[PDB]
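Peer 1: Residue numbers (the authors' numbering), protein chains in the order written: chain L, 12 to 78; chain Y, 56 to 109; chain F, 164 to 218; chain R, 2 to 380; chain W, 10 to 110; chain B, 2 to 80; chain V, 1 to 241; chain E, 4 to 62; chain C, 1 to 49.
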Ligand code: HEC
Ligand code: HEM
Ligand code: HEM
Ligand code: HEM
Ligand SMILES: CO/C=C(/C(=O)OC)c1ccccc1COc1nc2ccc(C)cc2nc1C(F)(F)F
Ligand SMILES: CCCCCCCCO[C@@H]1O[C@H](CO)[C@@H](O)[C@H](O)[C@H]1O
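#1: Report the neighbours of residue 184 (chain F) on chain R: residues whose CB is nearer than 7 Å to its CB, in chain order.
#2: Mind checking if residue 122 (chain R) is an interface residue toward chain B, Cβ cutoff 8 Å exclusive?
#3: How would you call residue 53 (chain L), buried or exposed, if buried means at least 16 neighbouring beta carbons within 10 angstroms?
#4: Check residue 71 (chain V) in the structure and name its three-state DSSP category.
#5: Along chain L, which residues have their Cβ under 8 Å away from the Cβ of residue 140 (chain V)?
#6: For residue 213 (chain R), which of W:19, W:15, W:58 and W:18 has the nearest alpha-carbon?
#7: Starting from residue 229 (chain R), find everything on chain W with Cβ-Cβ shorter than 8 Å and list it in chain order.
#8: If you measure beta-carbon to beta-carbon, which residues of the region 212-231 of chain V are closer than 8 Å to chain W?
#9: Is there a Cβ of chain E sitting closer than 8 Å to that of residue 21 (chain C), yes or no?
#10: Which first and last residues belong to the alpha helix (DSSP H) in which residue 204 (chain V) is found?
#11: Residue 50 (chain R): beta carbon under 7 Å from a heavy atom of ligand 4?
#12: Check residue 16 (chain B) in the structure and name its three-state DSSP category.
#13: Identify the continuous alpha helix (DSSP H) that holds residue 102 (chain V) and give its terminal residues.
#14: Which one or two residues does DSSP pair with residue 234 (chain V) in a beta bridge?
#15: Using the beta carbon as the reference atom, which residues fall closer than 5 Å to any heavy atom of ligand 2, ordered along the chain?
#16: Of the residues that make up the region 32-66 of chain R, which ones have a beta carbon closer than 7 Å to any beta carbon in chain Y?
#17: Please give me, in chain order, every unbroken run of the alpha helix (DSSP H) with length at least 4 that falls completely inside the region 52-104 of chain W.
#18: How would you write the range of the beta strand (DSSP E) that residue 219 (chain R) sits in, first residue to last?
#19: Which of helix, strand or coil does DSSP assign to residue 108 (chain V)?
#20: Could you give the C-beta distance for residue 54 (chain V) and residue 23 (chain V), rounded to a whole number, given that I count them as a contact under 8 Å?
#21: Taking just the CA atoms, how far does residue 313 (chain R) sit from residue 199 (chain V)?
#22: Quick one, which of W:10, W:39, W:28 and W:12 has its alpha-carbon nearest residue 110 (chain R)'s?
#23: Report the neighbours of residue 241 (chain V) on chain C: residues whose CB is nearer than 9 Å to its CB, in chain order.
#24: Pairs of beta-carbons, one from the region 1-21 of chain C and one from the region 44-63 of chain V, closer than 8 Å: are there three or more?
#25: On the criterion of 16 or more Cβ atoms from any shown chain inside 10 Å, does residue 71 (chain B) qualify as buried, or is it exposed?
#26: When the Cβ atoms of the region 317-333 of chain R are set against those of the region 360-376 of chain R, are three or more pairs found closer than 8 Å?
#27: Starting from residue 27 (chain V) and walking both ways along the alpha helix (DSSP H), at which residues does that stretch end?
#28: Please list the terminal residues of the continuous beta strand (DSSP E) segment that includes residue 12 (chain E).
#29: Per DSSP, what are the beta-bridge partners of residue 137 (chain R) in this structure?
#30: Would the C-beta of residue 81 (chain R) count as close to ligand 4, meaning under 7 Å from any of its heavy atoms?
#31: Could you round the C-beta distance between residue 356 (chain R) and residue 294 (chain R) to whole angstroms and report it? I think they count as a contact, below 8 Å.
#32: Are the region 300-320 of chain R and the region 111-127 of chain R touching, with three or more C-beta to C-beta distances below 8 Å?
#33: Sorry if obvious, but does the Cβ on residue 36 (chain R) come closer than 7 Å to a heavy atom of ligand 3?
#34: Suppose the cutoff is 8 Å on Cβ atoms and the five residues either side in sequence are ignored; what does the same chain contact list for residue 58 (chain L) look like?
#35: Terminal residues of the continuous alpha helix (DSSP H) containing residue 179 (chain V)?
#36: What residues match up with residue 158 (chain V) in a beta bridge as DSSP calls it?
In structure tokens:
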């Protein structure tokens with residue numbers, strides 16, 4: 012079987028202090044939002060910060076391993 | 056007007072048939088071209104007869 | 164080259180509209196030059212003799 | 002006349018305006034824009050004709066005819082690039098031409114100046130209609146939004162508008178009449194440009210120090226012919242560089258999508274050269290007042306000649322006016338920026354300020370500081 | 010006040026025309042009053058002014074200026090034209106007022 | 002015809018050399034550059050100031066605008 | 001809403017001002033389009049002849065075109081009729097008109113891809129980030145049925161279901177058809193389709209620069225040379241004083 | 004002394020100067036073009052059709 | 001009187017070959033012109049292209 016170099020590099024990147032710190036923020040929001048019926052708040056902003064840092068990291072690396 | 060082989064003929068027909076006074080403007084333009092030439096030919100004639108070409 | 168193809172077709176039509184829209188202005192242009200040269204000498208007259216004594 | 006350059010009714014003209022024409026010995030590079038503007042104009046016309054020869058003014062074929070031109074016409078993409086970007090170059094040049102004149106008090110040559118203003122307006126209307134031709138989303142909504150402002154003129158409102166559109170909304174009849182106007186206006190520009198230069202030649206060029214250059218005039222050729230040709234290549238390099246290496250830098254991507262009357266784009270904004278005016282437009286919430294503010298933002302130029310109080314012509318020796326001038330320039334980058342930003346805080350208030358400061362600087366500060374400066378010279 | 014008189018000398022130096030060797034009056038825009046005023050100048054003052062200006066223009070074309078030593082000094086700037094200009098304007102106002110009368 | 006009627010001028014002598022006897026771009030370092038700097042210097046403080054004052058305004062408003070997009074955690078405490 | 005996520009900047013092989021398009025990547029992107037996107041996305045402005053000399057052979061291109069049936073007509077009786085394709089034909093449309101398109105995508109309308117990269121802020125970075133950016137909605141966000149979550153798409157609820165997954169097809173040149181590889185290739189292809197002149201445009205830009213440098217130079221000398229007469233000129237005031 | 008020789012043979016008479024500009028352009032084009040394409044292609048090794056072309060040519 | 005008038009020193013601007021007040025400036029003439037005319041001829045060729 013073949014592996015998507017994206018998922019690999021995606022994992023390796025989620026390690027970054029930037030991602031980890033961002034990732035943590037999300038899990039916290041998600042948690043308090045999921046555990047509250049009838050509310051507004053959406054973990055979009057947090058999701059975005061994570062995705063922004065992860066994907067930022069992926070960019071430098073990903074193409075190196077693509078033909 | 057519409058410069059396209061599929062619309063040229065009709066765009067002019069539309070102009071005469073639908074445009075306010077489009078028929079009149081079309082008439083004056085085509086006939087104006089004639090007037091233009093009648094005038095230009097006499098302009099030239101005069102010039103040839105009275106030696107204006109000097 | 165003039166037709167823009169192998170026979171008179173659409174490409175010829177669109178370039179003819181452009182020229183037709185254009186040339187008249189050149190006519191106006193040159194007409195100005197026409198009258199400029201003319202004014203150097205002034206108009207000629209039916210007898211073909213100097214009209215300086217009666218302008 | 003010995004030399005056939007002085008006597009011939011035509012070579013006498015080419016001569017008395019480009020070869021023996023007396024020019025100040027010290028005009029700087031800011032005097033190079035007039036010729037660039039000219040060359041630009043002949044260039045726009047030439048590339049425009051080349052495009053008009055493959056265009057089709059019809060809502061069902063406009064978008065695609067341009068696409069066909071870029072994709073199928075020999076060098077069609079290049080000619081298209083040069084035309085749209087040439088319009089930009091044209092404006093960059095015209096703005097500096099104006100600045101120069103404001104800084105060095107050239108507007109004292111009133112007729113040369115007033116015709117200059119008319120040229121600007123004509124050029125703006127020209128680019129406005131030309132922008133509609135490719136019939137993309139920004140082409141349609143730009144046309145729709147702006148022409149819709151006229152209905153704000155009490156009484157003859159909806160009238161002039163539905164007359165100009167030729168219908169009830171921007172549609173095909175509007176398109177075909179815009180092609181005609183875009184094909185026409187440039188020639189008027191060339192026409193008036195002739196008048197512009199005629200009035201100019203009465204007096205001759207102004208110069209950076211603002212003092213009679215009669216004691217030191219020089220033949221336009223070879224001095225300024227070479228200086229102007231150099232000034233050309235200098236500008237042309239960036240124009241071409243940006244054109245050939247970053248074609249879509251200036252353009253809005255919303256225009257790569259065929260106009261659609263049932264889908265208003267999120268952010269309707271003009272090309273860079275109109276932004277500052279767009280900003281002043283919205284600065285005043287009230288359809289009519291915004292129109293008037295926009296109108297005056299340009300028509301104000303007809304007033305400059307009358308708000309000159311200084312006893313000196315240029316700003317070369319007026320440090321107070323100089324900074325005020327540069328404040329004004331920067332005031333314009335701000336309005337430009339604001340123009341490209343959505344209508345939301347802080348932008349809305351920053352915008353109203355920049356607008357307010359813009360008219361204030363021209364109508365109040367400038368004439369005042371000039372008076373103040375005369376007294377500091379003991380005059 | 011002898012204060013703003015400090016301002017004057019400040020401005021005078023800020024302006025910078027003295028760096029070209031120009032006198033304050035050499036920088037006046039030639040409107041109609043100035044045109045007339047100049048016609049009344051004595052030959053010598055007129056020619057001196059002429060050279061100063063042709064000199065500045067040559068500097069301006071060269072993108073150079075005068076060596077610091079040669080700059081006109083605030084207290085040595087001759088207001089040669091102001092006396093005449095002042096008069097040309099008096100006469101004009103007289104005529105103006107008299108013609109409305 | 003504008004050459005000859007221009008101005009009344011007296012006692013001024015000028016000297017010049019054919020361009021083929023002189024240097025097109027002479028004294029680049031001893032004269033050229035020094036003046037380029039001289040000129041730059043004298044204007045910087047008149048020009049730069051307002052452009053910088055704009056950069057700020059720009060930078061502030063650009064950020065102040067983005068800040069209003071982020072949420073205020075003090076709206077989801079009391080729920 | 002009112003929050004948007006901006007794609008990163010991938011280092012495309014054609015990002016350099018003088019760097020052309022990788023034609024091998026463009027050839028593959030075509031296959032992706034032909035075998036996957038073309039089922040819903042039309043590309044009205046490209047024709048089979050356009051592939052010739054760019055990514056395919058003339059023989060290859062003619063074949064690709066014969067794999068399609070095109071409606072021609074009328075004939076003698078004024079009837080429409082089918083016929084095999086020619087290289088002069090354009091890529092086939094999936095639906096007769098937008099109405100039919102929406103009907104087959106839940107009211108959604110898959111746009112023509114001819115100018116997609118220039119029609120969206122982000123270009124190939126945006127298209128790439130979107131194709132490979134499908135994921136689950138964060139807490140508090142509910143996507144209406146029929147729609148899918150994608151942070152890169154404005155509103156985050158896109159009507160397009162993830163079009164690509166690993167080995168969803170295979171390249172006949174033997175390249176690991178991983179999801180990201182695929183997206184990368186189709187995006188390169190999409191850039192070409194939006195501007196076939198890309199390469200020539202940069203080859204010219206190069207020649208323009210050299211000639212521009214050379215000429216601006218020479219003309220600067222000439223200008224200086226002529227003006228030297230004035231730049232070095234000296235003058236004096238000699239009254240009979 | 005080429006400058007001297009060039010001036011006497013090429014730049015002296017306006018007639019030969021123009022004739023020189025022509026042959027000068029003819030030669031310069033041929034050369035500038037090759038060099039330019041050579042630079043461009045070298046900067047893009049293996050990306051152009053010209054390069055990958057062999058893979059699909061052979062009946 | 002005009003006798004008290006002399007041409008300033010143009011050493012700061014002279015080309016080398018004509019810098020020496022005792023050497024025929026004619027020997028380097030074709031040189032100084034051939035160069036400047038070469039520059040011009042080249043600009044022409046570039047422009048023609
Ligand atoms: C039909 C089942 C599809 C297949 C196969 C592919 N796409 Fe698609 N795409 C489809 C729809 C119905 C939509 C509409 C989305 C909406 O809600 O408007 C799209 C849209 C796109 C877009 C972006 C649209 C936008 O940004 O507004 C792109 C760039 C796109 N699709 C690309 C794409 C590619 C590259 C595909 C093959 C790899 C592909 N799509 C297949 C439906 C379908
Ligand atoms: C666009 C078409 C033309 C316009 C607008 C035009 C206009 C004029 C005008 C207004 C005059 C002066 C009044 C007069 O004598 O009629 C004039 C004179 C003249 N025109 Fe034309 N003309 C045109 C075409 C021509 C043509 C085709 C010829 C001949 C080939 C020509 C030859 C002359 C001459 C020789 C005169 C001198 C008249 C004289 O005084 O004897 N013109 N023209
Ligand atoms: C179609 C656009 C225009 C063209 C083709 C054009 C052309 C010219 C030319 C060739 C010159 C002489 C050289 C120079 O000083 O640059 C000139 C001078 C001048 N133009 Fe324009 N111009 C245009 C627009 C304008 C505008 C918009 C203004 C101002 C509102 C204007 C004001 C002037 C003035 C005042 C001068 C005098 C310059 C001096 O101080 O000597 N022009 N213009
Ligand atoms: C003062 C000169 C002119 C200006 C400022 C100008 C400006 C423009 C502008 C802004 C556009 C839209 C460009 C784009 O974004 O696609 C345009 C398009 C066009 N112009 Fe002009 N133009 C000028 C003269 C002309 C002339 C003289 C013609 C006709 C002989 C012409 C024909 C066209 C055509 C056919 C288009 C549509 C195709 C396209 O969008 O590229 N233009 N022009
Ligand atoms: C057909 O519309 C064309 C626009 C354009 O950018 O032209 C290049 C365009 C696009 C979007 C939004 C607005 C515009 C046109 O804007 C203007 N167009 C103007 C045209 C002429 C004059 C005298 C003033 C104008 N002012 C403006 C202003 F920006 F202030 F709204
Ligand atoms: C400032 C003036 C710059 C002129 C630059 C001329 C360069 C344009 O050169 C062009 O390059 C293309 C790509 O190789 C060729 O296909 C064209 O035939 C050729 O004319």
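All C-beta atoms in this analysis are idealised placements derived from N, C-alpha and C, irrespective of residue type, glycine included.
Peer 2: Let me spell this out:
#1: For the purposes of this step, residue 184 (chain F) is identified with residue 21 of the third chain, where counting begins at 1. Within 7 Å Cβ-Cβ: 184.
#2: On the fourth chain, residue 122 (chain R) is found 121 positions in, with the first residue counted as 1. It does not; no Cβ of chain B falls within 8 Å.
#3: Looking up residue 53 (chain L) in the first chain gives position 42. Classification for residue 53 (chain L): buried.
#4: Position 71 of the seventh chain, counting from 1, holds the residue named residue 71 (chain V). Correct three-state label for residue 71 (chain V): strand.
#5: In the seventh chain, counting from the first residue as 1, residue 140 (chain V) sits at position 140. The answer, in chain order, is 44, 50, 51, 52, 53, 54 and 55.
#6: One-based indexing of the fourth chain puts residue 213 (chain R) at position 212. Answer by Cα proximity: W:58.
#7: In the fourth chain, counting from the first residue as 1, residue 229 (chain R) sits at position 228. Near residue 229 (chain R) there are no residues of chain W at all, since even the closest Cβ is about 16 Å away, more than 8 Å.
#8: 230 and 231
#9: Counting from 1 along the ninth chain, the entry for residue 21 (chain C) is found at position 21. Chain E contact via Cβ: absent.
#10: In the seventh chain, residue 204 (chain V) corresponds to position 204, counting from 1. 198-231 is the extent of the alpha helix (DSSP H) around residue 204 (chain V).
#11: Taking the fourth chain and counting its residues from 1, one reaches residue 50 (chain R) at position 49. Answer for residue 50 (chain R): yes, Cβ within range of ligand 4.
#12: Counting from 1 along the sixth chain, the entry for residue 16 (chain B) is found at position 15. The answer is strand: DSSP assigns residue 16 (chain B) an E or B state.
#13: Residue 102 (chain V) sits at position 102 when you count from the first residue of the seventh chain. That run of the alpha helix (DSSP H) goes 98-103.
#14: On the seventh chain, residue 234 (chain V) is found 234 positions in, with the first residue counted as 1. The partner list for residue 234 (chain V) (beta bridge, DSSP) reads B:16.
#15: Y:99, Y:102, Y:107, F:194, F:206 and F:207
#16: 57, 58, 59 and 62
#17: 52-71
#18: Stepping through the fourth chain from its first residue, residue 219 (chain R) is reached at position 218. That run of the beta strand (DSSP E) goes 218-220.
#19: As a working note, residue 108 (chain V) is residue 108 in the seventh chain. Three-state result, residue 108 (chain V): coil.
#20: Here the question's residue 54 (chain V) lines up with position 54 in the seventh chain. Here the question's residue 23 (chain V) lines up with position 23 in the seventh chain. About 7 Å; that satisfies the 8 Å criterion.
#21: Looking up residue 199 (chain V) in the seventh chain gives position 199. Looking up residue 313 (chain R) in the fourth chain gives position 312. Approximately 55 Å, taken between the alpha carbons.
#22: In the fourth chain, residue 110 (chain R) corresponds to position 109, counting from 1. Comparing Cα-Cα distances from residue 110 (chain R) to each of W:10, W:39, W:28 and W:12, the minimum goes to W:39.
#23: Within the seventh chain, the letter at position 241 stands for residue 241 (chain V). Those within 9 Å of residue 241 (chain V) in chain C number zero; the least Cβ separation is about 13 Å.
#24: no
#25: The residue given as residue 71 (chain B) occupies position 70 in the sixth chain. Looking at its Cβ environment, which holds fewer than 16 other Cβ atoms inside 10 Å, residue 71 (chain B) is exposed.
#26: yes
#27: The residue given as residue 27 (chain V) occupies position 27 in the seventh chain. Residues 23-35.
#28: As a first step, residue 12 (chain E) must be located in the eighth chain, where it is residue number 9. Unbroken run through residue 12 (chain E): none, as it is neither H nor E.
#29: The residue you call residue 137 (chain R) lines up with position 136 of the fourth chain. Beta-bridge pairing links residue 137 (chain R) to R:259.
#30: By one-based count along the fourth chain, residue 81 (chain R) stands at place 80. Residue 81 (chain R) Cβ: within cutoff of ligand 4.
#31: Taking the first residue of the fourth chain as position 1, residue 356 (chain R) is located at position 355. Taking the first residue of the fourth chain as position 1, residue 294 (chain R) is located at position 293. With a Cβ gap of about 7 Å, residue 356 (chain R) and residue 294 (chain R) count as contacting.
#32: yes
#33: Translated into the one-based positions of the fourth chain, residue 36 (chain R) becomes position 35. Yes.
#34: Residue 58 (chain L) sits at position 47 when you count from the first residue of the first chain. These residues qualify, in order along the chain: 37.
#35: Counting from one through the seventh chain, the residue named residue 179 (chain V) turns up at place 179. First-last of the alpha helix (DSSP H) with residue 179 (chain V): 179-194.
#36: Here residue 158 (chain V) refers to the residue found at position 158 when the seventh chain is read from its first residue. According to DSSP, which records beta bridges pairwise, residue 158 (chain V) is partnered with V:148.
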